[PDB]
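Read the single chain below, which is given as structure tokens and is the form deposited in one PDB entry.
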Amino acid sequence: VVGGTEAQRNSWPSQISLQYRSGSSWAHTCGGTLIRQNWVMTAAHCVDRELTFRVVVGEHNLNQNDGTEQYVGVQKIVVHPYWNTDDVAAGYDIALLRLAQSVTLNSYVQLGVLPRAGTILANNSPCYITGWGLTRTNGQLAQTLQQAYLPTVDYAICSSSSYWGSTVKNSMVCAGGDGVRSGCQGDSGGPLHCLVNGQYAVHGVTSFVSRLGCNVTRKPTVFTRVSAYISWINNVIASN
């Protein structure tokens, strides 16, 4: 997250860190949202590589013992069947991970609430992106979870020529684009949390930013629209 602030330890308890085995260590690569005690929602592009993955729930600082972490291996991966790694603009950037164990819930570990199917936020709806992604374009990952306030940009504006044009689809949510704050590499797969009727719900799965930079004016961060996949998610969990 570029232009973010440090999140309070218990603000976003559904946020997880998706990590891969690297030598004799683990490295964060993407975020995710805990949606069942044994299921995580992330971006399909985060699991394109055939690596060993684990999820960390109750994580706050990637480099220090928080005293709240639960480490769980990824036992099964179900990527959306229409995802194509060489066509992120087509959408479908979503995947579900079944965990080897069911995590224990507490104030640092809770399920993410999803929006009702088909819900579309009005332009300029207030949301926060959270993640440990780069804090500057071509920078480094954050040590502590960051949050940035990114208002939505509706489809009509987002798909206009000066914004994302034909790249953005109605199956995506755009947010931000002020040139100061945004998601960045390493935030992919994580949540876009938006307050609706007094409750936050996870409306987006971070998918992509501009090749010209994370924080670029009129290139809002683009997320997979969770509300376009409610039936898909329910169907995967029920058959797995």
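Quick note: we count residues from 1 along the sequence shown, nothing fancier.
Below, we refer to the form deposited with a partner chain bound, which is not included among the displayed structures.
Contact annotation for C184: at least one heavy atom lies within 4.5 Å of the partner chain in the entry with it bound. Residue contact check for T167: one or more of its heavy atoms lie within 4.5 Å of the partner chain in the entry with it bound.
Using a 4.5 Å cutoff between non-hydrogen atoms, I35 does not count as a contact of the partner chain in the entry with it bound. In the entry with it bound, the partner chain lies within 4.5 Å of some heavy atom of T85. By the 4.5 Å heavy atom rule, the three marked residues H28, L51 and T206 all count as contacting the partner chain in the entry with it bound. For the options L134, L145, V109, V153, the residue carrying a heavy atom within 4.5 angstroms of the partner chain in the entry with it bound is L134. Checked against the partner chain in the entry with it bound, the residues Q70, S210, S171, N61 give one hit for a heavy atom within 4.5 Å, which is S210.
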